[PDB]
């Protein structure tokens, strides 16, 4: 009585190290990396609709600056906003800049609707040598520079637009700031000027402010942009005794806003992926990624660790 039968298990020559609760280097036969640490050097145009702002950031695209024409009609899941975008128009600011940019990005589309504003006696379509469109003095094609009549008259403006549609409207307007008391009068005669936009449930009043400012592409003057949202059943009143950069109309707002914006220099390529970081798209099935906290789409969760190995086999004890 002398035959022998032995029960055993496999082994390989060199396994992979993993962590347990007790040990941070246990060798197992196979393991699987759970942290994606490689990204593609491009952004995937599919399956998500990506829209490239190119030379325009999303605020300039909303305003209608020169060169931003490709963004008209544009619809996006993710707006790709380039770091080297540049102002090509009248020097401006938006007091609540990030809140406006957020609203535009999230809304997911540039659908402009023209309206005619019957401005009494004032001149319209005022242009500027800071906003050249093929060397011709121009302006934000969504805005209307109103100045004096030639008879030196800027009277009180008083027009109302009623929203009876089935969607909420976004109106973007502005207030012009001259650099001396002279300019104020050679543009809007009155001094001071002032704009007051109101709805049934809200209102906003602006004082123009006049003084010396740094030279931005040849000028000291500025425009301050504001926005008003007009729900179904509400309506909007524009009142002006001077300095109004009037709107050409209103942007359409989706009831459900599901889009966003990604700021990056990464080029848009040909790959397929539903996950985008500011470093490029991720093409992965791993549950975690260490590439960027800035991530949009259907993505692994961002973590600090560069590697987390899951054991997919038993301890490796070769020989």
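Positions refer to the first chain, counted from 1.
Relative to one another, 77-85 and 190-198 have unequal mean CA B-factors, and 190-198 is the one with the higher figure.
Taking only CA atoms, the mean B-factor in the PDB entry is higher for 292-300 than for the other of 292-300 and 306-314. Per the deposited coordinates, the residue with the largest Cα temperature factor out of 168, 100, 143, 159 is 159. Within the group 241, 105, 71, 229, the record's highest C-alpha temperature factor is found at 241. In the deposited entry, the Cα temperature factor of residue 280 sits in the bottom third of values across the chain's modelled residues. The PDB entry assigns residue 66 a C-alpha temperature factor belonging to the highest third of its chain's modelled residues.
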